[PDB]
**Q** 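Take a look at this one; I'll ask things after.
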Amino acid sequence: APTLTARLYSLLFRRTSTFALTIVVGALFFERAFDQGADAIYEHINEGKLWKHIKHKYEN
Amino acid sequence: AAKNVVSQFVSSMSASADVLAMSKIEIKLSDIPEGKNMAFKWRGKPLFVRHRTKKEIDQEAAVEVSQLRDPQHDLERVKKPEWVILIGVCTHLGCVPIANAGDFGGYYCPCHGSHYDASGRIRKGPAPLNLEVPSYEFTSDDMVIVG
Amino acid sequence: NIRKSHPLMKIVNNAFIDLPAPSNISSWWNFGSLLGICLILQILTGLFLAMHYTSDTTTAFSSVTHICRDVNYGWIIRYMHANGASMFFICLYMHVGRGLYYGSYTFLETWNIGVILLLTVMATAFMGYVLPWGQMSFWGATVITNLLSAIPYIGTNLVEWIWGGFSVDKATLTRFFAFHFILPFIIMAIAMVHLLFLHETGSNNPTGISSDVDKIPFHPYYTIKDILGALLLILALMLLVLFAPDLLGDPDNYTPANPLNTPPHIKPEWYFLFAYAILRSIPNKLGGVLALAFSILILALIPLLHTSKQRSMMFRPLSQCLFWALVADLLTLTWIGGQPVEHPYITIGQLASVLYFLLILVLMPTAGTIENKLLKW
Amino acid sequence: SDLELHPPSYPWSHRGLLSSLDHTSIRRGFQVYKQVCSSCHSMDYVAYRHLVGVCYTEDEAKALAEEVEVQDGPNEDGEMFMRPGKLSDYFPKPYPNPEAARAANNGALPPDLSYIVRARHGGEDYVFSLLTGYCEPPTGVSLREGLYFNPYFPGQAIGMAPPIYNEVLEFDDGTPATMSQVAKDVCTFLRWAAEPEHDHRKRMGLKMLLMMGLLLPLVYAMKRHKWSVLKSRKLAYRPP
Amino acid sequence: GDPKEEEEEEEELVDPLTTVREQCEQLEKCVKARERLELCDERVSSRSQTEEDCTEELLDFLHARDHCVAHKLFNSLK
Amino acid sequence: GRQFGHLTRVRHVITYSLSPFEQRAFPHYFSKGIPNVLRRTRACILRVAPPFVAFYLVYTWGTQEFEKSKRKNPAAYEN
Ligand code: HEM
Ligand code: HEM
Ligand code: HEM
Ligand SMILES: C[C@@]1(c2ccc(Oc3ccccc3)cc2)OC(=O)N(Nc2ccccc2)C1=O
Ligand code: FES
């Protein structure tokens with residue numbers, strides 16, 4: 001039983017190759033998860049959007 | 001934060017208001033002479049049309065597909081033979097082709113040099129693609145639109 | 001491999017990596033690099049705004065709105081520019097204050113170059129502000145330009161010359177666009193010359209005592225200290241852009257052109273307030289503009305008035321009190337410069353104006369002399 | 001003459017830090033510009049497409065644009081006719097050369113358009129309180145001609161006839177076109193006409209504090225790490 | 001009084017700003033300003049030829065009214 | 001410029017130091033920092049603060065006079 005940060009260090013941080021690979025792969029997900037999670041926060045507090053407003057007009 | 005602000009700054013150089021025009025200019029084309037060439041704008045981009053005289057039909061009724069770079073036949077190109085509906089830019093660079101001045105059909109992009117015909121499709125030079133005139137729909141024999 | 005030999009990286013290394021710097025420079029020292037960031041900020045956004053702005057009298061106000069409504073993200077770029085101009089002054093002010101308090105002006109050349117850099121950016125921001133051809137842009141342009149008319153004998157040929165006509169019109173908006181585009185490149189060159197003279201001695205520090213016995217490399221230390229501080233400059237800039245776009249921005253520039261009608265109470269941008277109050281104080285044309293010029297041109301007299309045997313004000317209780325009285329006085333000038341020329345205000349405004357000069361030209365130097373005596377030096 | 005009062009207190013639903021607009025109220029507000037304000041005030045910078053995003057629908061935007069006639073470009077004769085109504089250039093311009101608005105309204109020039117932020121301190125409120133606050137002209141002061149009196153405005157006196165409560169309506173919903181309700185909507189809409197970016201900006205703005213709240217502590221910790229070595233260093237002087 | 005005339009009161013048209021103004025126009029600091037106004041409102045009727053204005057005494061009153069107008073109002077609107 | 005190796009002469013001082021990966025970046029951040037800021041505050045209030053309250057007092061007075069003098073005014077014109 002080593003620790004987490006240790007595992008992370010051994011497998012990914014030691015080399016600048018992996019270190020860099022890990023962060024670019026980290027940004028790809030962070031951006032996607034931050035945008036989503038953050039939009040939903042923006043929406044939940046508002047709700048006088050163009051969204052809910054739409055619902056009213058699938059017609060023409 | 002870096003690609004967000006770099007994207008925004010980059011996306012700013014893309015077009016701004018421009019989601020263009022209506023066009024469809026009411027065209028009467030059994031109105032214009034036997035076979036003269038007419039050009040309008042459909043978003044500020046020259047659209048040129050000749051009629052399609054008897055003698056002129058068959059120069060394009062005799063095509064050739066077995067030796068091309070893009071596929072078709074004039075009659076197979078548009079919906080009705082003696083009635084085609086061209087645009088007018090040139091797939092090479094952006095030199096607007098002139099009315100029946102070169103070889104084959106009529107077309108001929110100068111700006112340097114390249115050929116086309118009455119169907120427009122490129123046959124001789126530097127340009128890689130056939131040009132493009134959206135659809136061709138008239139409405140009735142006497143009237144017309146574009147696309 | 002080596003940073004030291006390559007004719008190019010050698011400059012970089014000697015400026016940002018191996019430069020020996022005081023172990024003890026404070027947050028107050030972060031502003032010079034923030035002024036550099038400001039200049040670059042102004043340069044990038046400035047440029048992208050130039051890809052869409054048009055310099056003709058008619059479409060000027062309009063093209064700017066084209067940017068804020070039509071051009072993708074123009075609004076964010078436009079606000080960063082405007083709010084970047086304010087930050088730039090915030091930084092100038094701190095930077096110049098830091099130099100006064102800590103005696104940094106004793107580096108003659110680099111301080112003198114700084115004054116030039118100060119006037120250059122003020123010239124730059126002025127031309128900038130006129131660009132959208134709003135009411136204040138126009139009247140502000142009219143006020144400031146007319147200062148030159150006070151100059152004896154050649155005053156009017158000069159304003160008309162700078163106008164390219166009989167008043168701020170067509171010709172002026174176009175030339176101001178031009179000069180406003182080139183000035184920041186010229187600023188950039190002066191700043192490199194500023195940095196050159198500074199490296200000759202290296203940085204000063206809070207104590208005013210030589211740090212050659214305790215130098216550290218600019219690189220790991222000030223590299224990160226500067227990064228952290230850039231992010232702070234950024235937060236403060238975004239807060240404005242993203243929560244308070246119009247806060248420092250006068251509502252009247254949101255209304256086009258009126259060479260016929262001057263707004264009721266025209267109000268300078270913010271960073272001109274204190275100087276505006278000084279100019280206004282004195283009811284005289286010539287003397288106002290003279291007082292105005294002197295109010296800024298005084299920085300270059302500062303070094304002659306150093307009187308203390310110590311460099312910094314860190315060990316100088318008297319000078320410290322007078323320094324803040326100076327700051328408090330400037331803050332008063334600011335308040336007053338943004339107020340109507342009337343009863344309580346003109347008198348307050350005249351007393352603050354004598355105080356500013358009274359404390360720089362006489363109070364500070366006398367404090368220094370009594371601090372020396374108190375110490376038996 | 002030189003005396004005057006300032007606007008009340010703003011409870012808008014677009015006043016706080018993060019705070020969208022009630023896009024339904026932006027609708028109603030356009031309707032107010034459409035039927036009432038339009039006949040006097042030019043709104044030179046907005047267009048039918050701009051609404052597509054905000055209050056209407058693609059198809060709806062076209063339809064509303066089609067209810068007017070602009071002066072379309074010349075054809076072969078060197079003409080100048082009229083056309084159904086695009087979707088690409090609002091511009092119902094009530095008056096040609098501005099002086100025509102002066103002639104009609106009598107001196108007074110019906111100003112600007114996409115209002116607030118515009119030259120009016122206390123933007124939306126000033127307007128709301130201007131429209132909603134017409135009142136009886138108190139004793140001692142006459143009005144050179146029955147101009148029109150308004151407690152707010154600069155100089156309490158001048159210009160525009162009180163155009164609110166002539167209960168024009170076409171609010172679908174089932175919303176009572178009352179004095180106030182029509183004003184709240186018109187100011188709300190005018191807010192969006194002056195600042196269309198308003199909602200995106202605060203969503204970004206959110207992200208800026210959220211990101212800054214991550215990065216600030218982190219970058220700070222990076223600097224302390226590297227500065228550790230100096231902060232805890234120990235000195236000793238050992239002369240002969 | 002009576003329902004059919006309530007929708008007619010809705011067609012004769014309705015109250016928003018009025019019920020709130022009336023209710024605020026009613027209040028402490030307000031009646032005080034109105035009272036200061038009413039008094040000055042009289043001293044100009046007095047010499048109804050040759051004399052000043054009463055613009056100022058009016059402004060004070062709106063200030064107090066519209067203030068509590070803004071606080072309370074909007075809750076009713078929609 | 002000047003380079004490490006040619007700055008100045010130092011004799012007899014020892015500097016002991018630790019690796020960043022061996023120490024904390026925030027040891028007693030609050031335990032020792034708060035007291036420290038209180039102390040730097042005390043050390044400078046008397047010089048920094050007074051000029052500003054002086055401006056503050058003139059700020060409130062000044063505006064007070066402005067309002068009462070011009071607007072509010074129209075005091076007596078009695079006949
Ligand atoms: C419709 C609901 C409407 C609104 C809203 C509106 C707004 C408005 C503002 C905000 C002003 C600004 C006051 C100022 O500049 O400080 C203003 C001014 C004038 N208006 Fe208006 N207006 C609306 C409608 C109309 C209508 C239908 C008319 C014509 C009858 C009209 C007229 C005027 C005039 C004249 C002015 C100028 C006031 C002045 O400076 O003398 N408005 N309006
Ligand atoms: C790279 C050189 C620069 C260029 C090309 C540039 C370009 C422009 C343009 C096109 C405008 C008009 C558009 C608008 O108003 O938004 C403008 C306005 C302005 N710029 Fe610059 N600028 C430059 C450097 C500066 C500098 C050094 C400053 C001073 C910090 C500055 C501060 C301003 C200001 C205050 C305005 C008026 C802003 C407003 O309120 O609209 N810019 N600039
Ligand atoms: C374009 C405007 C300016 C830029 C880009 C600029 C840039 C810098 C930089 C990078 C430093 C290095 C360290 C530090 O942050 O302090 C510095 C130091 C200094 N600058 Fe500037 N500065 C500018 C305006 C000024 C002004 C207006 C003055 C004075 C009128 C000035 C005089 C000095 C002095 C005296 C120092 C000495 C450093 C010290 O004593 O601590 N500079 N500047
Ligand atoms: C932004 C601004 C400006 C910019 C730079 C300036 O340069 C100085 C700043 C401080 C001290 C001296 C000059 C001064 C004003 O440009 C401008 O038109 N104004 N507006 C203005 C309003 C009233 C009188 C005079 C000017 C500015 O504030
Ligand atoms: S662009 Fe037409 S031949 Fe080159």
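Ligands are counted one by one from 1 in listed order, and the atoms in each one are counted from 1 as well. Reminder, nothing fancy here: chain letters follow the sequence lines and each chain counts from 1. The basis for the numbers below is simple: all heavy atoms, side chains too, and nothing from hydrogens, waters or symmetry mates.
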**Q** Does the plane of the ring in C/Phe272 sit parallel, tilted or perpendicular to the ring in C/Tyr276? Use 30° and 60° as the thresholds.
**A**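 Tilted, since the angle between the ring planes falls between 30° and 60°.
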
**Q** What pairs with C/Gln42 under side-chain hydrogen bond (donor to acceptor under 3.5 Å, both in side chains), at least two apart in sequence or on another chain?
**A**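 Checked C/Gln42 against side-chain hydrogen bond (donor to acceptor under 3.5 Å, both in side chains); zero matches.
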
**Q** Tell me how many protein N, O or S atoms are within a distance shorter than 2.8 Å of atom 21 (Fe) of ligand 3.
**A** 2

**Q** For ligand 2, is there an atom lying under 4.0 Å from some heavy atom of C/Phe89?
**A**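 The answer is no, since C/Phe89 has no heavy atom less than 4.0 Å from ligand 2.
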
**Q** Where do B/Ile98 and B/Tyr107 come nearest, in terms of heavy atoms and distance?
**A** O-CD2, 3.5 Å

**Q** Of all the heavy atoms in C/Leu39, does at least one lie under 4.0 Å from an atom in ligand 3?
**A** no

**Q** Can you confirm if the NZ or CZ of C/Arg311 lies within 45° of the ring axis of C/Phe107 and under 6.0 Å from the centre of its six-membered ring?
**A** yes

**Q** Quick check against the 3.5 Å criterion: does C/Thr145 have a side-chain atom that pairs as donor or acceptor with the backbone of C/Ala141?
**A**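 Yes, the answer is positive, given that a donor and an acceptor are paired below the 3.5 Å cut-off.
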
**Q** What atoms of ligand 2 come closer than 4.0 angstrom to any heavy atom of C/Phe177?
**A**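 Listed by number with element: 10 (C).
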
**Q** Take a 6.0 Å sphere around CE of C/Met192 and say whether it holds more than 12 heavy atoms from other residues, nucleotides or ligands.
**A**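 No, CE of C/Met192 has 12 or fewer neighbouring heavy atoms, counting only those of other groups under 6.0 Å.
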
**Q** Is the D/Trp227 to C/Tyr221 ring centre distance short of 6.0 Å?
**A** yes

**Q** At a 4.0 Å threshold, what atoms of ligand 2 neighbour a non-hydrogen atom of C/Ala85?
**A**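 Numbered from 1, ligand 2 contributes 30 (C), 32 (C), 35 (C).
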
**Q** Which protein heavy atom lies closest to atom 38 (C) of ligand 3, and at what distance to 0.1 Å?
**A**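 Its nearest protein heavy-atom neighbour is C/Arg98 NH2, 3.5 Å.
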
**Q** When you measure from atom 7 (C) of ligand 2 to every protein heavy atom, which one gives the shortest distance, and what is it?
**A**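 For this ligand atom, the closest protein heavy atom is C/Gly46 O, 3.5 Å.
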
**Q** Could you tell me whether C/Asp252 and D/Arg118 make a salt bridge, using a distance below 4.0 angstrom between a side-chain N and a carboxylate O?
**A** no

**Q** Among all protein heavy atoms, pick out the one at the shortest distance from atom 14 (C) of ligand 2; state its residue, atom name and that distance to 0.1 Å.
**A**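 Answer for atom 14 (C) of ligand 2: C/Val64 CG2, 4.1 Å.
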
**Q** What about C/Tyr271: any of its N or O atoms under 3.5 Å from an N or O on ligand 2?
**A**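 In fact, backbone or side chain, C/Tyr271 has no N or O that close.
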
**Q** Distance under 6.0 Å and angle within 45° of the ring axis: does D/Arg201 meet both against C/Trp75?
**A** no

**Q** The test is ring pair (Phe, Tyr, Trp, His ring centres under 6.0 Å); show your working for C/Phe88 and C/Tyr271 and say whether it passes.
**A** CA-CA 10 Å; C/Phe88 204 150; C/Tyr271 40 86; over 10 Å; no

**Q** Keeping C/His180 on the side-chain end and C/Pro184 on the backbone end, is there a donor-acceptor pair under 3.5 Å?
**A** no

**Q** So, C/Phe48 versus B/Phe9, ring centres under 6.0 angstrom or not?
**A**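 Under 6.0 Å, so yes.
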
**Q** For atom 15 (O) of ligand 2, which protein heavy atom lies nearest, and how many Å away is it?
**A** C/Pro132 CG, 3.4 Å

**Q** Do ligand 3 and C/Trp111 have nitrogen or oxygen atoms that lie under 3.5 Å from each other?
**A** no

**Q** Among protein heavy atoms, which lies nearest atom 12 (C) of ligand 2, and at what distance?
**A** C/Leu131 CB, 3.7 Å

**Q** Identify which protein N/O/S atoms are less than 2.8 Å from atom 2 (Fe) of ligand 5.
**A**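 Listed by chain and number: B/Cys90 SG, B/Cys109 SG.
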
**Q** Is it the case that the side chain of C/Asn30 and the backbone of C/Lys225 share a donor-acceptor pair, with hydrogens and angles ignored and the cut-off at 3.5 Å?
**A**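 Looks like yes, one N/O pair under 3.5 Å.
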
**Q** What residue and atom, counting heavy atoms only, is the protein's closest point to atom 40 (O) of ligand 3, and at what distance?
**A** C/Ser104 OG, 2.5 Å

**Q** Quick test: of every protein heavy atom, which one is nearest to atom 32 (C) of ligand 2, and how far off is it to 0.1 Å?
**A** C/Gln42 OE1, 3.4 Å

**Q** With respect to atom 42 (N) of ligand 2, which of C/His81, C/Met51, C/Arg78 exhibits the smallest heavy-atom separation?
**A** C/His81

**Q** Salt-bridged, B/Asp117 to B/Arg123, with N to O below 4.0 Å?
**A** yes

**Q** Should you measure from each heavy atom of C/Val115, which atoms of ligand 3 turn up under 4.0 Å away?
**A**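 Numbered from 1, ligand 3 contributes 30 (C).
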
**Q** Applying a 4.0 Å heavy-atom criterion (strictly less than), which segment of C/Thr124 is in contact with ligand 2: side chain, backbone, both, or neither?
**A**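 The answer is the side chain.
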
**Q** Quick one: ring-ring contact (aromatic ring centres under 6.0 Å, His included) partners of C/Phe138, sequence neighbours excluded?
**A** C/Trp133

**Q** Please confirm whether C/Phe176 and C/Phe126 have ring centers closer than 6.0 angstrom.
**A**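 Aromatic pair counts; centres sit under 6.0 Å.
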
**Q** Measure the distance from atom 36 (C) of ligand 2 to every protein heavy atom, then report the residue, atom name and distance (to 0.1 Å) of the closest one.
**A** C/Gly128 C, 3.4 Å

**Q** Measure the distance from atom 5 (C) of ligand 2 to every protein heavy atom, then report the residue, atom name and distance (to 0.1 Å) of the closest one.
**A**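 Nearest protein contact, heavy atoms only, for atom 5 (C) of ligand 2 is C/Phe181 CD1, 3.5 Å.
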
**Q** Tell me if the centroids of the rings in C/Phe185 and C/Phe181 come within less than 6.0 Å of each other.
**A**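 Ring centroids of C/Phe185 and C/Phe181 are less than 6.0 Å from each other.
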
**Q** Please classify the C/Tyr53 to ligand 2 contact at 4.0 Å (heavy-atom distances, strictly less than): side chain, backbone, both or neither.
**A**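 Side chain only.
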
**Q** Which part of C/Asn205 is near ligand 3, with near meaning a heavy atom under 4.0 Å away: side chain, backbone, both or neither?
**A**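 It is neither part, as no heavy atom is under 4.0 Å.
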
**Q** Judged by atom type as modelled, is there a donor-acceptor pair below 3.5 Å linking the side chain of C/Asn83 to the main-chain atoms of C/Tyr79?
**A** yes

**Q** With a cutoff of 4.0 Å, is C/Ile43 in contact with ligand 2, counting heavy atoms of the residue only?
**A** yes

**Q** What residue and atom, counting heavy atoms only, is the protein's closest point to atom 22 (N) of ligand 2, and at what distance?
**A**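 Answer, as residue, atom name and distance: C/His180 NE2, 2.6 Å.
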
**Q** I want to know whether C/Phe294 and C/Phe357 have ring centres closer than 6.0 Å.
**A**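 Under 6.0 Å, so yes.
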
